[PDB]
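What's in run_7.tsv: TSV, C-alpha atoms
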```tsv
chain	number	residue	atom	x	y	z
A	1	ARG	CA	-9.95	-4.57	19.67
A	2	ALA	CA	-8.29	-2.64	16.77
A	3	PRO	CA	-5.58	-4.26	14.63
A	4	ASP	CA	-2.14	-4.79	16.17
A	5	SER	CA	-0.60	-2.56	13.44
A	6	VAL	CA	-2.05	0.09	11.09
A	7	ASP	CA	-0.13	2.01	8.36
A	8	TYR	CA	-2.16	4.56	6.36
A	9	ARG	CA	0.76	5.07	3.96
A	10	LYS	CA	0.11	1.49	2.65
A	11	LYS	CA	-3.56	2.48	1.95
A	12	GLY	CA	-2.68	5.66	0.02
A	13	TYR	CA	-4.10	8.03	2.70
A	14	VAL	CA	-0.85	10.05	3.22
A	15	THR	CA	0.72	12.69	0.92
A	16	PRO	CA	4.48	13.18	0.55
A	17	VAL	CA	6.48	14.71	3.43
A	18	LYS	CA	6.49	18.52	3.36
A	19	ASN	CA	9.01	21.12	4.59
A	20	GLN	CA	7.57	23.94	6.75
A	21	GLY	CA	10.86	25.97	6.36
A	22	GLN	CA	11.46	28.94	8.79
A	23	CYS	CA	7.78	29.22	9.83
A	24	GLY	CA	6.06	27.86	12.99
A	25	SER	CA	3.37	26.28	10.72
A	26	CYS	CA	3.72	22.69	12.06
A	27	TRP	CA	0.04	23.00	13.26
A	28	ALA	CA	-1.05	23.80	9.66
A	29	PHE	CA	0.75	20.70	8.21
A	30	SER	CA	-0.63	18.47	11.02
A	31	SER	CA	-4.15	19.87	10.27
A	32	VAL	CA	-3.94	19.38	6.49
A	33	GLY	CA	-2.52	15.88	7.02
A	34	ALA	CA	-5.58	14.79	9.08
A	35	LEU	CA	-7.95	16.54	6.54
A	36	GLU	CA	-6.09	14.78	3.62
A	37	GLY	CA	-6.65	11.35	5.30
A	38	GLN	CA	-10.42	11.94	5.70
A	39	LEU	CA	-10.64	13.28	2.10
A	40	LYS	CA	-8.96	10.13	0.72
A	41	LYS	CA	-11.15	7.91	3.01
A	42	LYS	CA	-14.48	9.54	1.95
A	43	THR	CA	-13.73	10.41	-1.76
A	44	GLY	CA	-10.94	8.03	-2.89
A	45	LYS	CA	-8.79	11.06	-3.99
A	46	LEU	CA	-5.34	11.73	-2.42
A	47	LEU	CA	-4.48	15.42	-2.91
A	48	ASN	CA	-2.33	18.07	-1.20
A	49	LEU	CA	-4.44	20.57	0.72
A	50	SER	CA	-3.16	24.14	1.56
A	51	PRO	CA	-1.28	24.73	4.84
A	52	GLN	CA	-0.73	28.32	3.57
A	53	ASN	CA	-4.55	28.83	3.51
A	54	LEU	CA	-4.56	27.98	7.26
A	55	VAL	CA	-1.40	30.02	8.15
A	56	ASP	CA	-2.83	33.17	6.41
A	57	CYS	CA	-6.56	32.76	7.34
A	58	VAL	CA	-6.94	31.06	10.81
A	59	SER	CA	-7.28	34.33	12.74
A	60	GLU	CA	-7.60	32.37	16.08
A	61	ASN	CA	-4.02	31.03	15.35
A	62	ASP	CA	-0.75	33.07	15.13
A	63	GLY	CA	0.39	32.18	11.56
A	64	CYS	CA	4.17	31.46	11.57
A	65	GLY	CA	4.08	32.15	15.37
A	66	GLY	CA	2.16	28.94	16.18
A	67	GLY	CA	-1.35	27.60	16.49
A	68	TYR	CA	-3.67	24.71	17.31
A	69	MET	CA	-5.14	22.09	14.98
A	70	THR	CA	-8.62	22.38	16.60
A	71	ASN	CA	-8.69	26.12	15.72
A	72	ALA	CA	-7.74	25.16	12.09
A	73	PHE	CA	-10.55	22.52	11.80
A	74	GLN	CA	-13.08	25.08	13.24
A	75	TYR	CA	-11.89	27.64	10.62
A	76	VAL	CA	-12.33	25.14	7.73
A	77	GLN	CA	-15.87	24.35	9.09
A	78	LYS	CA	-16.79	28.07	9.48
A	79	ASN	CA	-15.16	28.98	6.10
A	80	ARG	CA	-17.13	26.18	4.28
A	81	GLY	CA	-13.86	24.98	2.69
A	82	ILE	CA	-10.08	24.72	2.45
A	83	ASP	CA	-8.12	25.24	-0.80
A	84	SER	CA	-5.89	22.65	-2.52
A	85	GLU	CA	-2.06	23.29	-2.35
A	86	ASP	CA	-2.32	23.88	-6.16
A	87	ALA	CA	-4.88	26.74	-5.68
A	88	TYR	CA	-3.09	28.20	-2.57
A	89	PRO	CA	0.67	27.36	-2.72
A	90	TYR	CA	2.89	27.21	0.41
A	91	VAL	CA	5.22	30.17	0.92
A	92	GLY	CA	6.59	29.62	4.48
A	93	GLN	CA	5.87	33.24	5.42
A	94	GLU	CA	2.56	34.68	6.77
A	95	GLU	CA	0.63	36.75	4.16
A	96	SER	CA	-2.87	38.32	4.08
A	97	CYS	CA	-5.70	35.75	3.72
A	98	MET	CA	-6.20	34.96	-0.05
A	99	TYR	CA	-8.71	32.08	0.30
A	100	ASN	CA	-10.39	31.41	-3.09
A	101	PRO	CA	-13.63	29.36	-3.09
A	102	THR	CA	-12.86	28.18	-6.70
A	103	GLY	CA	-9.89	26.12	-5.44
A	104	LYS	CA	-11.86	24.53	-2.52
A	105	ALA	CA	-10.73	20.82	-2.20
A	106	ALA	CA	-12.29	19.72	1.18
A	107	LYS	CA	-14.83	20.65	3.85
A	108	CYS	CA	-14.88	20.03	7.62
A	109	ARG	CA	-18.01	19.22	9.80
A	110	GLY	CA	-16.09	19.85	13.05
A	111	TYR	CA	-13.64	17.77	14.98
A	112	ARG	CA	-13.19	15.44	17.93
A	113	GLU	CA	-10.48	15.39	20.63
A	114	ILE	CA	-8.85	12.26	22.08
A	115	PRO	CA	-9.22	12.05	25.87
A	116	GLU	CA	-6.02	13.66	27.27
A	117	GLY	CA	-3.21	11.16	27.93
A	118	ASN	CA	-5.19	8.13	26.61
A	119	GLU	CA	-2.93	6.11	24.21
A	120	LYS	CA	-5.61	3.34	24.09
A	121	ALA	CA	-8.19	5.92	22.73
A	122	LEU	CA	-5.54	7.34	20.36
A	123	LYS	CA	-4.86	3.82	19.00
A	124	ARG	CA	-8.61	3.16	18.48
A	125	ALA	CA	-9.03	6.58	16.72
A	126	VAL	CA	-6.05	5.90	14.33
A	127	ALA	CA	-7.57	2.51	13.48
A	128	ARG	CA	-11.28	3.63	13.16
A	129	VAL	CA	-10.82	7.16	11.68
A	130	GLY	CA	-7.41	7.41	9.97
A	131	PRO	CA	-4.40	9.73	10.47
A	132	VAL	CA	-4.81	11.84	13.67
A	133	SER	CA	-3.21	15.25	14.41
A	134	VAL	CA	-1.01	15.06	17.55
A	135	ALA	CA	1.21	17.42	19.55
A	136	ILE	CA	4.57	16.45	21.11
A	137	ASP	CA	7.65	17.83	22.87
A	138	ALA	CA	10.14	17.83	19.92
A	139	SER	CA	12.62	20.09	21.94
A	140	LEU	CA	15.28	17.42	22.69
A	141	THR	CA	18.42	17.13	20.48
A	142	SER	CA	17.69	13.31	20.68
A	143	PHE	CA	14.48	14.07	18.62
A	144	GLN	CA	16.23	16.43	16.15
A	145	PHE	CA	18.96	13.78	15.30
A	146	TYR	CA	16.52	10.81	15.07
A	147	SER	CA	17.61	8.20	12.44
A	148	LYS	CA	16.00	4.80	13.15
A	149	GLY	CA	14.34	2.59	15.74
A	150	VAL	CA	11.63	3.54	18.24
A	151	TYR	CA	12.35	6.97	19.74
A	152	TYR	CA	12.21	7.22	23.56
A	153	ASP	CA	13.90	9.79	25.83
A	154	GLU	CA	13.03	9.98	29.58
A	155	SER	CA	13.79	13.81	29.39
A	156	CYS	CA	10.89	14.24	26.94
A	157	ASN	CA	8.41	16.55	28.69
A	158	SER	CA	4.68	15.65	28.22
A	159	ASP	CA	3.70	19.09	29.68
A	160	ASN	CA	5.91	20.91	27.12
A	161	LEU	CA	3.99	20.44	23.82
A	162	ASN	CA	5.78	22.54	21.18
A	163	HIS	CA	5.39	20.63	17.87
A	164	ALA	CA	2.40	19.38	15.83
A	165	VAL	CA	2.76	16.19	13.72
A	166	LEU	CA	0.56	13.47	12.20
A	167	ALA	CA	0.02	9.91	13.54
A	168	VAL	CA	-0.43	7.87	10.31
A	169	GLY	CA	-0.27	4.46	12.04
A	170	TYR	CA	1.15	2.37	14.87
A	171	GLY	CA	2.84	-1.00	15.22
A	172	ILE	CA	5.46	-3.07	16.99
A	173	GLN	CA	9.10	-3.10	15.78
A	174	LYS	CA	10.84	-6.22	17.23
A	175	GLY	CA	8.67	-6.11	20.38
A	176	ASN	CA	8.86	-2.26	20.81
A	177	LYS	CA	5.38	-0.65	20.42
A	178	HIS	CA	5.40	2.61	18.35
A	179	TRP	CA	3.42	5.39	16.66
A	180	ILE	CA	4.25	6.10	12.99
A	181	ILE	CA	4.75	9.90	12.91
A	182	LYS	CA	4.88	12.07	9.80
A	183	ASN	CA	6.96	15.24	10.40
A	184	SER	CA	6.95	18.50	8.30
A	185	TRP	CA	10.80	19.06	8.39
A	186	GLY	CA	11.35	17.69	4.82
A	187	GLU	CA	12.25	14.23	3.42
A	188	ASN	CA	15.85	14.89	4.62
A	189	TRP	CA	14.91	14.69	8.35
A	190	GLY	CA	14.70	11.50	10.49
A	191	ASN	CA	13.74	8.39	8.45
A	192	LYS	CA	12.64	9.99	5.09
A	193	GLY	CA	10.65	12.58	7.15
A	194	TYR	CA	9.11	9.99	9.56
A	195	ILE	CA	9.87	9.03	13.18
A	196	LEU	CA	8.69	5.92	15.12
A	197	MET	CA	7.74	7.20	18.58
A	198	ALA	CA	7.40	5.01	21.68
A	199	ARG	CA	3.84	3.80	22.36
A	200	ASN	CA	2.38	2.71	25.72
A	201	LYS	CA	5.50	4.06	27.53
A	202	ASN	CA	3.50	6.37	29.82
A	203	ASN	CA	2.46	8.84	27.08
A	204	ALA	CA	6.07	9.46	25.93
A	205	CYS	CA	6.57	13.12	24.73
A	206	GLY	CA	2.82	13.83	25.48
A	207	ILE	CA	1.76	12.06	22.22
A	208	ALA	CA	-1.85	11.57	23.51
A	209	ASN	CA	-2.16	14.96	25.30
A	210	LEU	CA	-3.48	17.07	22.38
A	211	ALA	CA	-4.77	14.73	19.67
A	212	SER	CA	-7.70	15.60	17.40
A	213	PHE	CA	-9.18	14.64	14.03
A	214	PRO	CA	-11.59	16.43	11.71
A	215	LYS	CA	-15.15	15.32	10.85
A	216	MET	CA	-15.91	15.29	7.08
```
Encoding of this model in structure tokens:
Amino acid sequence: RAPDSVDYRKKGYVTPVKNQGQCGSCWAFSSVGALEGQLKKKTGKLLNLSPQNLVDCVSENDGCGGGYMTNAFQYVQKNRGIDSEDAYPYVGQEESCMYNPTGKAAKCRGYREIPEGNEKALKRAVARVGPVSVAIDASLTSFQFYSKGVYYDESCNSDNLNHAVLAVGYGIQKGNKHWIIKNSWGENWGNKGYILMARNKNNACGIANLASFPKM
């Protein structure tokens, strides 16, 4: 049995909240977040990796038109590296691939998927591994206006995954189980860029339907 609560922000595994701007690059922020957690876990260094590297270079993804985190991990594995943010700065528009091996800050040895719909497996993976990339339905205005508490909306559609975020922990707020979710909509959004999402409420918003983490 894993701990009852985990918060990777307390352990220094999570970088500041980013703003994707007018680009469908959520998948690239999700992906770098999970790679950043494994880098801190294995090396002791917390550094910003390059979402822009993924947007421009993951040819199996659609740049600002969307993508999957598994494709991004497979690219970093095949490419033998991903740049730091400092070597490959975020623009928020899709450009030609300008990967530079000199600015390489992490590698990837592949990835694992959480069994679809399994919040028990997702909990165990967050505890054992660290921050996990997840996909959700973030389409509801209830989600967009989030301020506090543990987000739950029965209209959330688990078969309508449209947003990629990062599970950096889980807990219980006054008896309500939750996932601690880092968003990429800037510090201004939600609770300083974070949302607590309902946990063990029948896979609310499809939180455990498309979860993955990189090997390092």
- For residue A:119, please output as an MDAnalysis selection string all residues within 7 Å (counting all atoms listed in the file; exclusion window: fewer than 2 positions along the same chain). chainID A and resid 117 121:123 200 203 208
- Message: I need the residue nearest residue A:158 from this list: A:191, A:202, A:50, A:183. Use only C-alpha atoms for the distance.
- Response: A:202
- Task: Show me as a PyMOL selection string the residues that reach within 9 Å of (-14.3, 15.6, 16.6), counting only C-alpha atoms and using the file's own coordinates.
- Result: chain A and resi 70+109-114+212-215
Export C-alpha atoms of the chosen residues as an mmCIF file, in the frame of the given file?
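Now in part-v3.cif:
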```
data_model
loop_
_atom_site.group_PDB
_atom_site.id
_atom_site.type_symbol
_atom_site.label_atom_id
_atom_site.label_comp_id
_atom_site.auth_asym_id
_atom_site.auth_seq_id
_atom_site.Cartn_x
_atom_site.Cartn_y
_atom_site.Cartn_z
ATOM 1 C CA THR A 70 -8.620 22.380 16.600
ATOM 2 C CA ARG A 109 -18.010 19.220 9.800
ATOM 3 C CA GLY A 110 -16.090 19.850 13.050
ATOM 4 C CA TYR A 111 -13.640 17.770 14.980
ATOM 5 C CA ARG A 112 -13.190 15.440 17.930
ATOM 6 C CA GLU A 113 -10.480 15.390 20.630
ATOM 7 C CA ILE A 114 -8.850 12.260 22.080
ATOM 8 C CA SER A 212 -7.700 15.600 17.400
ATOM 9 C CA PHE A 213 -9.180 14.640 14.030
ATOM 10 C CA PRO A 214 -11.590 16.430 11.710
ATOM 11 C CA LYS A 215 -15.150 15.320 10.850
#
```
- Task: Please measure the separation of atom CA of residue A:102 and atom CA of residue A:76, giving the value in Å to one decimal.
- Result: 14.8 Å
- Item | Protein and nucleic acid residues near (6.6, 13.2, 23.4) (cut-off 8 Å, only C-alpha atoms) as number ranges by chain | A: 135-138, 156-158, 161, 197, 203-207
With C-alpha atoms retained, export the selected residues as a PDB file, in the coordinates of the input.
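For reference, out14.pdb as written:
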```pdb
ATOM      1  CA  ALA A 135       1.210  17.420  19.550  1.00  0.00           C
ATOM      2  CA  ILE A 136       4.570  16.450  21.110  1.00  0.00           C
ATOM      3  CA  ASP A 137       7.650  17.830  22.870  1.00  0.00           C
ATOM      4  CA  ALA A 138      10.140  17.830  19.920  1.00  0.00           C
ATOM      5  CA  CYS A 156      10.890  14.240  26.940  1.00  0.00           C
ATOM      6  CA  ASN A 157       8.410  16.550  28.690  1.00  0.00           C
ATOM      7  CA  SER A 158       4.680  15.650  28.220  1.00  0.00           C
ATOM      8  CA  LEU A 161       3.990  20.440  23.820  1.00  0.00           C
ATOM      9  CA  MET A 197       7.740   7.200  18.580  1.00  0.00           C
ATOM     10  CA  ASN A 203       2.460   8.840  27.080  1.00  0.00           C
ATOM     11  CA  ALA A 204       6.070   9.460  25.930  1.00  0.00           C
ATOM     12  CA  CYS A 205       6.570  13.120  24.730  1.00  0.00           C
ATOM     13  CA  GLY A 206       2.820  13.830  25.480  1.00  0.00           C
ATOM     14  CA  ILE A 207       1.760  12.060  22.220  1.00  0.00           C
TER      15      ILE A 207
END
```
- Message: I'd like to know which of A:155, A:188, A:52, A:118 is closest to residue A:99, using all atoms listed in the file.
- Response: A:52
- Item | Which residue of A:189, A:13, A:90, A:143 approaches residue A:25 most closely, using all atoms listed in the file | A:90
- Message: Give me the residues near residue A:87 as a PyMOL selection string, where near means some atom within 8 Å (using all atoms listed in the file) and where sequence neighbours in that chain fewer than 6 positions away do not count.
- Response: chain A and resi 50+100+103-104
